[PDB]
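Below is one structure, written out as structure tokens; comments come after it.
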Amino acid sequence: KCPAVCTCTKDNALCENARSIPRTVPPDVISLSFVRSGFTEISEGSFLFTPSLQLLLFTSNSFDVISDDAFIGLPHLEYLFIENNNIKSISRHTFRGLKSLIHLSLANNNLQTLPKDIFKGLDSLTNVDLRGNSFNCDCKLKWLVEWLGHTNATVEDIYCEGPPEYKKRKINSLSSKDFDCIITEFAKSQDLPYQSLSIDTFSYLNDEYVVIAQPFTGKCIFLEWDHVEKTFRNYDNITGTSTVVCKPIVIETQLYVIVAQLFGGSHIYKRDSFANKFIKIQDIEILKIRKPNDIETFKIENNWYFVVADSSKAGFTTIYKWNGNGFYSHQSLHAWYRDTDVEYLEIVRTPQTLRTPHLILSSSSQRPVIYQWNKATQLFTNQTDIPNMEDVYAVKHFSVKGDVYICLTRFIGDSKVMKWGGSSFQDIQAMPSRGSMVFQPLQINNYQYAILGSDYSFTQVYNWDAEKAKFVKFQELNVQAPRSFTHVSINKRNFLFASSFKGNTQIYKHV
Amino acid sequence: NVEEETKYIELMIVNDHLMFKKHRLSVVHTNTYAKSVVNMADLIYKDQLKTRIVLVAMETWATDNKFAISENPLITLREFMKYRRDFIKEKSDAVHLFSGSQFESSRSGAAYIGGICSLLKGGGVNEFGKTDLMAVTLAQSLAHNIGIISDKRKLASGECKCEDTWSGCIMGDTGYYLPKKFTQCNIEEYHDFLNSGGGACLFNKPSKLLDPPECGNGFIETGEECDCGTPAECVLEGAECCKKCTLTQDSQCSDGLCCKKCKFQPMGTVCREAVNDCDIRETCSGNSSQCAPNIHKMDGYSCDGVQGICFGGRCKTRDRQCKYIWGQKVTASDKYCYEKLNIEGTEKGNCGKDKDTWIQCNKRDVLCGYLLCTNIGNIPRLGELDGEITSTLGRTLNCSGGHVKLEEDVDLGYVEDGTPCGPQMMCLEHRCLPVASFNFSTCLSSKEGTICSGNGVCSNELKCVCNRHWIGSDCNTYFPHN
Ligand SMILES: *[C@@H]1O[C@H](CO)[C@@H](O)[C@H](O)[C@H]1NC(C)=O
Ligand SMILES: *[C@@H]1O[C@H](CO)[C@@H](O)[C@H](O)[C@H]1NC(C)=O
Ligand SMILES: *[C@@H]1O[C@H](CO)[C@@H](O)[C@H](O)[C@H]1NC(C)=O
Ligand SMILES: *[C@@H]1O[C@H](CO)[C@@H](O)[C@H](O)[C@H]1NC(C)=O
Ligand SMILES: *[C@@H]1O[C@H](CO)[C@@H](O)[C@H](O)[C@H]1NC(C)=O
Ligand SMILES: [Ca+2]
Ligand SMILES: [Ca+2]
Ligand SMILES: [Ca+2]
Ligand SMILES: [Ca+2]
């Protein structure tokens, strides 16, 4: 007798809202249809109790899996229409045993892929419908392009819905030639068994070094590259009770290091080539600089400078100038402000045509400030606030297509990306910051990346999209409380250093 | 005792106009944001100082500022306390200002030392910042009120140091990485302040908060009959007595100094002994689980013999003032040192400074002039030293003094107002005046020439605390009771 969820004639059964494939469909039916069904899976041998089927229809259903040999035991099946469904997974041997199949439809199921050899052994096929899906044109779809080229069956034109460089491409028009199967990733190099705040890189005597500030121990850890073992060793160390930043400056092949400390005051070290050591040659007064949080270096018309952001009130953010022997006070900025970060910028002010030096200051519960360099007075003036931005932690800039952009970081709320347009910064996009301390732009192999750190969740890596003029999700890293991201380039090898405030500092390989 | 008890800071928050603008002109946002700051400050205090910060009152200046906010925190503080004196009429142990602005000083706020329980000194001011940061700001502000000062003498000597290398300690300069702990030295200062007779208004336990009732909060709110604390610490006290904030079958109370195994402590039981000769002992009412509100002798009572006079439960002597500024090892100078130097009116001793010239003290107003100490050091425990330290020489007496500046106006190094300068005479603005000049209030008395009929002591609430077997508001009625 006809199952309750079905409506039956002598030859045909139409089932709706079935909770499982009924085992009690009359065994003499030759056409069977399932619509709006409850069951989520079609396991092997699901239709053995109706061995004389010539036609099967599935429409408006939701499936978790259609398994291997789902349609086995159906040697007379000539028509199989699977359309307008949600289907999570189809298996390689789903259609095995369907030697008599004349017309197969997989239309309008929003399929993103098909497993290799899915149509293997379907020797009677005259028609296959694949329209209305969402195929991703990658290496997994390569077999399909070949099959389309060799099959005698009639197949309509179908199109890639991804990846973006392939969207709306006619799949029938693809060749084995066209698969972009290689592609990059940030692979984990090694995990250094200690914590770190700020990481810096420099070039000294044609070798690449990495400086790591150890907050809790006191050390400024210098790393050196081993060209045979292909790892980083421990070049040398610098002791300072509470180091926050270790900024390297190279002036005419001589290496200088600025060491910002929260305790005991900040000091300036010089590398000695003869004695093969670091020498303490200058002391920054403890009363002018008290609570440093960031150091940035820059060069304006053959003059070397550096700026120290002071997060204390009594301590003013101060610019120092290289005068051949050491560094000395040049200009103080943002009095009584809790400056968190400094950023150096070279930006075009309308209607000029040349980039002029700029500084950006970020302070607690305050708007970011843009200072402009004045050549006449040899100091930064003309400050302007960046509107739309409250409580910004830090600012970092990058350049694409000649245009200049910046990345604004917040701890909570949303981080922002802005483009410079002559007179002011404009909104591009925004991203949710879950305990973020970093939003660092990086340019590797002429690829523009952006790594947004997070203390609460995973660190998100973004890539620049040329079509979108925006950052898109790329790869997802996992580091405990990231504090910085730095790019290290050594002989066509690109490394990514990720500082960790509670966990281990991590080195990544870019391949 | 007084340091093993749980203390409670009944705090009021005032939000200025700029703070209101910071939360987008929203009343509800300002309230919850301030409560967050208070709660986080509370979690800091609860852990180490054994003290709770409880929000008891709040108002927000939505229209405009009541006065001009200064970039100088000390200037701002004073104008706020003037506002507090004239316009704030709700009761609190301390009143603190939340400013949306940012100060042009080294500190993120300012607060009077030993200020709690006072009307003019009972408060502080705090600048805006992130929730976690302002909480620390409030903690170090309430710290000054509560008597905690980073002893610079022990800091320089290395006697007191913060063991936290990274986050540092609360009374230290604050940076991005916030402190979480007080030093042990801070704890002792806090203990010393209470033992000195300070923080009397801190022993009333608040019941109904400004939030929905919470069972397991350690506070008896609306609907609930009792509240032990946390299920972990309820085991220690209140476990048998209280079940799901409800009194058991055989229970009158849950926890408290006047509660013994779910029962009230009989009337007459000492629950808090006098910390000094300015304090009044407290006895259980027999009708309450908490110990009676900590009260003490009114302003005017003598202490340390006749050498001192009680003010706010604390003894004002020249000896203690010297210990307060220069250290415990320092003692006050002999009266002969004053009797010679102050009369001169030189830099080495005077009754104040008037336009580049010192005032020559009168012969009676000699004990109210330049403070003189012995065995002095070269670094004050608090404030900034302005100038150098005076050192002057049958016995030859070494007179030493010094100008210590907390405020531009307030100068430590002169005899504090209220300090005795003779029989029934005190110091007032560098002048020796009789007790009637201070206009002290008086309790009820039914016997002439006696305080409370000569059978009681006048409390700071202007009520008579009768001796044993005496009753009545005038303590004149005798009551015999074994
Ligand atoms: C497809 O056409 C080829 C011609 O090369 C033929 O050999 C093969 O048998 C045909 N197969 C099917 C399934 O149509
Ligand atoms: C430097 O490294 C050596 C060994 O690599 C270690 O023993 C020393 O303590 C380190 N010192 C600092 C300041 O990092
Ligand atoms: C910038 O400096 C120029 C100096 O020529 C002055 O005219 C202008 O008012 C300044 N603007 C600001 C915002 O300081
Ligand atoms: C508690 O005190 C009130 C007076 O305030 C008194 O009327 C009442 O009887 C007392 N309760 C007990 C149980 O003694
Ligand atoms: C006591 O005297 C002061 C001024 O000497 C005065 O301001 C105050 O009002 C007086 N107190 C009373 C209660 O009259
Ligand atoms: Ca920076
Ligand atoms: Ca109180
Ligand atoms: Ca409660
Ligand atoms: Ca008392």
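Going through the structure tokens in order, the chains are called A, B, and so on, while each chain numbers its residues from 1 and the ligands are numbered from 1 in the order shown.
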
Exercise. If you count only C-alpha atoms, which residues fall within 10 Å of residue 1 (chain A), apart from same-chain ones fewer than 6 positions away, as number ranges by chain?
Worked result: A: 8, 24-27

Can you write just those residues out, N, CA and C atoms, as a tab-separated table (two decimals), in the first residue's frame?
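The result, written out as again_5.tsv:
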chain	number	residue	atom	x	y	z
A	8	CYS	N	0.14	7.87	-4.39
A	8	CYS	CA	0.54	6.83	-5.33
A	8	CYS	C	-0.48	6.55	-6.43
A	24	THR	N	8.62	1.14	2.30
A	24	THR	CA	7.33	0.54	2.00
A	24	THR	C	6.65	1.11	0.75
A	25	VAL	N	7.41	1.78	-0.11
A	25	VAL	CA	6.89	2.20	-1.40
A	25	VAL	C	6.60	0.93	-2.22
A	26	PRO	N	5.42	0.86	-2.86
A	26	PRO	CA	5.07	-0.34	-3.63
A	26	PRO	C	6.15	-0.69	-4.66
A	27	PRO	N	6.62	-1.94	-4.65
A	27	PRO	CA	7.83	-2.34	-5.38
A	27	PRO	C	7.67	-2.32	-6.90

Problem set entry | Distance-based interface of chain A with chain B, 12 Å, counting only C-alpha atoms, as a ChimeraX atom specification | /A:197,214-218,241-244,261-264,287-288,290-294,309-316,334-341,363-366,390-393,411-412,437,501

Contact check, chain B to ligand 4, at most 8 Å, counting only C-alpha atoms and all ligand atoms, closest pairs as JSON lines:
{"residue": "B:286", "atom": "CA", "partner": "ligand 4", "partner_atom_place_in_ligand_line": "14 (O)", "distance": 7.2}
{"residue": "B:287", "atom": "CA", "partner": "ligand 4", "partner_atom_place_in_ligand_line": "1 (C)", "distance": 5.1}
{"residue": "B:288", "atom": "CA", "partner": "ligand 4", "partner_atom_place_in_ligand_line": "1 (C)", "distance": 7.8}

Within 8 Å of ligand 8 (counting only C-alpha atoms and all ligand atoms), which residues show up? I'd like them as a PDB file with N, CA, C and O atoms, in the first residue's frame.
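The resulting file, part19.pdb, is reproduced below:
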ATOM      1  N   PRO B 213      19.090  43.297  43.296  1.00  0.00           N
ATOM      2  CA  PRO B 213      19.543  42.404  44.370  1.00  0.00           C
ATOM      3  C   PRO B 213      20.305  41.190  43.840  1.00  0.00           C
ATOM      4  O   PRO B 213      19.893  40.594  42.846  1.00  0.00           O
ATOM      5  N   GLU B 214      21.407  40.843  44.495  1.00  0.00           N
ATOM      6  CA  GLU B 214      22.231  39.717  44.075  1.00  0.00           C
ATOM      7  C   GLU B 214      22.567  38.838  45.277  1.00  0.00           C
ATOM      8  O   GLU B 214      23.260  39.268  46.203  1.00  0.00           O
ATOM      9  N   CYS B 215      22.055  37.609  45.262  1.00  0.00           N
ATOM     10  CA  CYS B 215      22.328  36.652  46.332  1.00  0.00           C
ATOM     11  C   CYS B 215      23.724  36.067  46.163  1.00  0.00           C
ATOM     12  O   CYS B 215      24.005  35.388  45.178  1.00  0.00           O
ATOM     13  N   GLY B 216      24.599  36.342  47.125  1.00  0.00           N
ATOM     14  CA  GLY B 216      25.980  35.909  47.037  1.00  0.00           C
ATOM     15  C   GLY B 216      26.891  37.085  46.751  1.00  0.00           C
ATOM     16  O   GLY B 216      27.943  36.943  46.128  1.00  0.00           O
ATOM     17  N   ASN B 217      26.477  38.254  47.224  1.00  0.00           N
ATOM     18  CA  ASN B 217      27.209  39.489  46.998  1.00  0.00           C
ATOM     19  C   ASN B 217      27.854  40.000  48.279  1.00  0.00           C
ATOM     20  O   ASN B 217      28.750  40.846  48.245  1.00  0.00           O
ATOM     21  N   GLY B 218      27.395  39.463  49.404  1.00  0.00           N
ATOM     22  CA  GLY B 218      27.866  39.886  50.706  1.00  0.00           C
ATOM     23  C   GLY B 218      27.132  41.123  51.197  1.00  0.00           C
ATOM     24  O   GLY B 218      27.625  41.842  52.067  1.00  0.00           O
ATOM     25  N   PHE B 219      25.951  41.371  50.632  1.00  0.00           N
ATOM     26  CA  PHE B 219      25.130  42.509  51.020  1.00  0.00           C
ATOM     27  C   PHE B 219      23.644  42.144  51.083  1.00  0.00           C
ATOM     28  O   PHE B 219      23.086  41.558  50.133  1.00  0.00           O
ATOM     29  N   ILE B 220      23.029  42.487  52.218  1.00  0.00           N
ATOM     30  CA  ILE B 220      21.612  42.233  52.462  1.00  0.00           C
ATOM     31  C   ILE B 220      20.746  43.249  51.725  1.00  0.00           C
ATOM     32  O   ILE B 220      20.519  44.356  52.215  1.00  0.00           O
ATOM     33  N   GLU B 221      20.261  42.863  50.550  1.00  0.00           N
ATOM     34  CA  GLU B 221      19.472  43.760  49.715  1.00  0.00           C
ATOM     35  C   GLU B 221      17.979  43.475  49.846  1.00  0.00           C
ATOM     36  O   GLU B 221      17.558  42.716  50.719  1.00  0.00           O
ATOM     37  N   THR B 222      17.181  44.103  48.988  1.00  0.00           N
ATOM     38  CA  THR B 222      15.731  43.954  49.039  1.00  0.00           C
ATOM     39  C   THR B 222      15.293  42.520  48.742  1.00  0.00           C
ATOM     40  O   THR B 222      15.775  41.901  47.795  1.00  0.00           O
ATOM     41  N   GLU B 224      15.896  39.731  50.228  1.00  0.00           N
ATOM     42  CA  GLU B 224      16.716  38.734  50.904  1.00  0.00           C
ATOM     43  C   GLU B 224      16.849  39.098  52.385  1.00  0.00           C
ATOM     44  O   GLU B 224      16.938  40.276  52.736  1.00  0.00           O
ATOM     45  N   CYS B 226      19.235  37.629  54.511  1.00  0.00           N
ATOM     46  CA  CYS B 226      20.664  37.664  54.798  1.00  0.00           C
ATOM     47  C   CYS B 226      21.505  37.403  53.548  1.00  0.00           C
ATOM     48  O   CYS B 226      20.968  37.093  52.485  1.00  0.00           O
ATOM     49  N   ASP B 227      22.822  37.532  53.690  1.00  0.00           N
ATOM     50  CA  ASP B 227      23.748  37.368  52.571  1.00  0.00           C
ATOM     51  C   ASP B 227      25.169  37.169  53.100  1.00  0.00           C
ATOM     52  O   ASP B 227      25.844  38.135  53.457  1.00  0.00           O
ATOM     53  N   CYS B 245      20.025  32.987  50.875  1.00  0.00           N
ATOM     54  CA  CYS B 245      19.632  34.312  51.355  1.00  0.00           C
ATOM     55  C   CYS B 245      18.370  34.291  52.215  1.00  0.00           C
ATOM     56  O   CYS B 245      17.594  35.248  52.214  1.00  0.00           O
TER      57      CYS B 245
END

Exercise. In region 146-255 of chain B, what's alpha helix (DSSP H) per DSSP? Answer as an MDAnalysis selection string?
Worked result: chainID B and resid 146 152:157 184:195 231:234

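The binding environment of ligand 2, defined as every protein, DNA or RNA residue with an atom no more than 7 Å away and counting only C-alpha atoms and all ligand atoms, comprises residues 218, 219, 220, 221, 234, 236, 237, 238 and 239 of chain A.
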
For those residues, write N, CA, C and O atoms to a file as a short mmCIF file (atom, residue, chain, number, x, y, z; two decimals), in the first residue's frame.
data_model
loop_
_atom_site.label_atom_id
_atom_site.label_comp_id
_atom_site.auth_asym_id
_atom_site.auth_seq_id
_atom_site.Cartn_x
_atom_site.Cartn_y
_atom_site.Cartn_z
N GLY A 218 64.41 41.73 30.70
CA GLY A 218 65.10 43.00 30.64
C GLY A 218 65.93 43.08 29.38
O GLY A 218 66.48 44.11 29.02
N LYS A 219 66.03 41.94 28.71
CA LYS A 219 66.95 41.75 27.62
C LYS A 219 66.49 42.41 26.31
O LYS A 219 65.30 42.43 26.01
N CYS A 220 67.44 42.94 25.54
CA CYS A 220 67.22 43.25 24.13
C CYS A 220 67.90 42.17 23.31
O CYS A 220 69.11 42.23 23.08
N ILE A 221 67.13 41.19 22.87
CA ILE A 221 67.69 40.02 22.21
C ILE A 221 67.92 40.24 20.72
O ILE A 221 66.98 40.50 19.96
N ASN A 234 71.40 33.38 18.31
CA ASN A 234 71.36 34.47 19.28
C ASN A 234 72.64 35.29 19.19
O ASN A 234 73.65 34.95 19.82
N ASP A 236 73.58 38.66 20.01
CA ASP A 236 74.03 39.33 21.22
C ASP A 236 72.85 39.84 22.03
O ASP A 236 71.71 39.81 21.58
N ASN A 237 73.14 40.28 23.25
CA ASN A 237 72.14 40.79 24.16
C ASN A 237 72.40 42.19 24.74
O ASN A 237 73.55 42.63 24.82
N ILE A 238 71.33 42.88 25.14
CA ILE A 238 71.44 44.16 25.84
C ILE A 238 70.53 44.21 27.08
O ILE A 238 69.31 44.06 26.97
N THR A 239 71.13 44.43 28.25
CA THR A 239 70.40 44.42 29.52
C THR A 239 69.75 45.76 29.86
O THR A 239 70.42 46.80 29.86
#

For this session: List all protein, DNA and RNA residues that have any atom at most 10 Å from ligand 6, counting only C-alpha atoms and all ligand atoms, and write the list as a PyMOL selection string.
Result: chain A and resi 245+293-297+307-309+340-344+360-362+393-396

Mind writing the picked residues with C-alpha atoms as an mmCIF file, in the first residue's frame?
data_model
loop_
_atom_site.group_PDB
_atom_site.id
_atom_site.type_symbol
_atom_site.label_atom_id
_atom_site.label_comp_id
_atom_site.auth_asym_id
_atom_site.auth_seq_id
_atom_site.Cartn_x
_atom_site.Cartn_y
_atom_site.Cartn_z
ATOM 1 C CA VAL A 245 61.266 49.200 22.472
ATOM 2 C CA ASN A 293 55.611 53.194 24.611
ATOM 3 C CA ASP A 294 56.838 53.524 20.994
ATOM 4 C CA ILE A 295 59.940 54.590 19.038
ATOM 5 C CA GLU A 296 59.989 55.490 15.341
ATOM 6 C CA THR A 297 62.907 56.509 13.115
ATOM 7 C CA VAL A 307 60.744 60.102 18.229
ATOM 8 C CA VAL A 308 59.704 58.684 21.593
ATOM 9 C CA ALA A 309 56.027 58.512 22.528
ATOM 10 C CA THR A 340 50.725 55.805 22.814
ATOM 11 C CA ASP A 341 52.272 55.568 19.341
ATOM 12 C CA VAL A 342 54.172 57.555 16.735
ATOM 13 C CA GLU A 343 54.100 57.030 12.975
ATOM 14 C CA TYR A 344 56.188 58.746 10.310
ATOM 15 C CA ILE A 360 50.887 61.009 13.605
ATOM 16 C CA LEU A 361 50.309 60.757 17.355
ATOM 17 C CA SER A 362 47.855 58.431 19.072
ATOM 18 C CA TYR A 393 45.864 53.054 19.922
ATOM 19 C CA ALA A 394 48.255 53.139 16.954
ATOM 20 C CA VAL A 395 48.621 54.155 13.311
ATOM 21 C CA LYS A 396 50.618 52.460 10.542
#

For this session: Find the residues near region 404-407 of chain A: any atom within 12 Å, counting only C-alpha atoms, skip ones fewer than 5 places away on the same chain, and give them as number ranges by chain.
Result: A: 343-349, 355, 360, 368, 386, 389, 392-399, 414-422, 424-431, 437-442, 448-452, 462, 464, 469-471
